[PDB]
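Structure record follows, encoded as structure tokens.
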Amino acid sequence: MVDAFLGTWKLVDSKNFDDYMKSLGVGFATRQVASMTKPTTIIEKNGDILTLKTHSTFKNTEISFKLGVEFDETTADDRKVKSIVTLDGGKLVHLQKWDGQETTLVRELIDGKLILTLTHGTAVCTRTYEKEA
Ligand SMILES: Cc1cc(C(C)(C)C)c(O)c(C(C)(C)C)c1
């Protein structure tokens with residue numbers, strides 16, 4: 001059910017990422033470099049385990065998880081969070097919890113593109129990824 005998310009994806013558009021990062025308390029210098037970074041996201045499965053890599057010139061992250069099972073995560077901005085990823089309405093929904101705060105990272109396939117919507121507080125960022133051959 002996750003299979004159409006799998007593969008290598010490149011960022012092609014971003015809206016409001018600075019607002020999202022600022023809401024999370026990311027410092028201005030980190031925001032500045034992130035506003036110009038074009039990450040590559042790689043999503044692979046092996047049985048019930050998904051691995052999601054985010055690679056860039058700036059920061060790199062990797063998580064592995066089973067859908068519907070909580071995992072500890074250290075985010076790119078060094079937040080220590082409790083995470084869970086679920087499929088909901090065909091969307092891959094990643095919820096992070098820390099210090100009573102929440103943020104959602106929601107991925108949806110629209111016309112073969114991967115739309116990532118990042119919400120924290122009132123900030124809503126939309127990032128568009130396109131598949132690599
Ligand atoms: C500063 C910064 C913050 C984030 C989140 C806040 C989405 C975790 C992030 O994912 C990245 C890369 C996409 C560059 C890894 C950089």
Side-chain angles (χ1 to χ4, degrees), residues 2-133:
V2 70
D3 298 276
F5 291 95
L6 307 180
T8 298
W9 300 91
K10 285 193 179 285
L11 184 77
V12 299
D13 188 75
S14 187
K15 296 182 175 77
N16 303 336
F17 192 43
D18 183 72
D19 291 339
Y20 178 75
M21 290 185 288
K22 191 176 181 195
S23 186
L24 290 173
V26 179
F28 71 88
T30 296
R31 299 197 316 269
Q32 188 187 127
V33 178
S35 72
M36 292 301 281
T37 298
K38 303 221 185 179
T40 298
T41 301
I42 308 164
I43 312 180
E44 291 174 283
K45 81 179 184 185
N46 185 347
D48 54 9
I49 305 308
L50 291 162
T51 300
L52 192 156
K53 298 176 175 187
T54 310
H55 290 350
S56 78
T57 55
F58 181 35
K59 308 269 196 202
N60 300 280
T61 57
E62 179 175 318
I63 59 174
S64 293
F65 55 88
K66 177 170 182 165
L67 295 170
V69 181
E70 187 174 70
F71 58 106
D72 289 305
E73 176 182 8
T74 301
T75 67
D77 63 314
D78 301 306
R79 270 173 301 117
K80 289 185 73 194
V81 308
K82 302 290 177 175
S83 288
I84 191 165
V85 182
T86 52
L87 282 161
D88 181 349
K91 302 177 251 74
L92 189 69
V93 177
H94 181 356
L95 172 62
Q96 298 173 335
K97 296 174 195 162
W98 73 107
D99 295 327
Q101 300 188 234
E102 296 187 16
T103 185
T104 58
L105 307 87
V106 178
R107 293 176 172 89
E108 191 168 35
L109 302 163
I110 306 198
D111 276 289
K113 306 190 185 209
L114 177 63
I115 309 313
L116 170 62
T117 303
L118 305 176
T119 305
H120 176 75
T122 62
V124 182
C125 161
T126 308
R127 286 167 65 86
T128 303
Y129 280 87
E130 286 183 352
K131 188 73 119 344
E132 287 278 301

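Computed over heavy atoms, backbone and side chain alike; hydrogens, waters and symmetry mates excluded. When a residue number appears, it is its place in the shown sequence, counting from 1. In each ligand, atom 1 is the first atom listed, and ligand 1 is the first ligand listed.
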Should you measure from each heavy atom of [X], which atoms of ligand 1 turn up under 4.0 Å away?
{"X": "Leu24", "answer": "6 (C)"}
{"X": "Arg79", "answer": "6 (C), 8 (C)"}
{"X": "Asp77", "answer": "6 (C), 8 (C)"}
{"X": "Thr30", "answer": "1 (C)"}
{"X": "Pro39", "answer": "13 (C)"}

I want to confirm something. Looking only at heavy atoms, which of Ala76, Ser35, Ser23 is nearest to atom 15 (C) of ligand 1?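 Of the listed residues, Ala76 has the closest heavy atom.
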Can a non-hydrogen atom of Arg31 be found less than 4.0 Å from any atom of ligand 1?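 Contact absent.
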Sub-4.0 Å heavy-atom approach of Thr61 to ligand 1: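 In this structure, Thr61 fails to qualify as a contact of ligand 1 - no heavy atom is under 4.0 Å.
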Just by distance, no angles: are the side chains of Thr40 and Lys10 close enough, under 3.5 Å, to form a donor-acceptor pair?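 The criterion, which ignores hydrogens and geometry beyond distance, is satisfied for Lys10 and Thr40.
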Is a salt bridge present between [X] and [Y], judged by a nitrogen-to-oxygen distance below 4.0 Å?
{"X": "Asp13", "Y": "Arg127", "result": "no"}
{"X": "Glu130", "Y": "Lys113", "result": "yes"}
{"X": "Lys45", "Y": "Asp3", "result": "yes"}

Could you state the interatomic distance from CD1 (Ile43) to CG (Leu6), rounded to the nearest 0.5 Å?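 It comes to 7.0 Å.
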What are the two closest heavy atoms between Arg31 and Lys22, and how far apart are they?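 So the two residues come closest at CD-N, 3.6 Å.
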By the side-chain hydrogen bond (donor to acceptor under 3.5 Å, both in side chains) test, which pairs, at least two apart or in different chains, include something from residues 87-100?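 side-chain hydrogen bond (donor to acceptor under 3.5 Å, both in side chains) check on residues 87-100 returns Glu73-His94, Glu73-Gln96, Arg79-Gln96.
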Return the residue, atom name and 0.1 Å-rounded distance of the protein heavy atom closest to atom 14 (C) of ligand 1.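 Closest protein heavy atom to atom 14 (C) of ligand 1: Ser56 OG, 4.1 Å.
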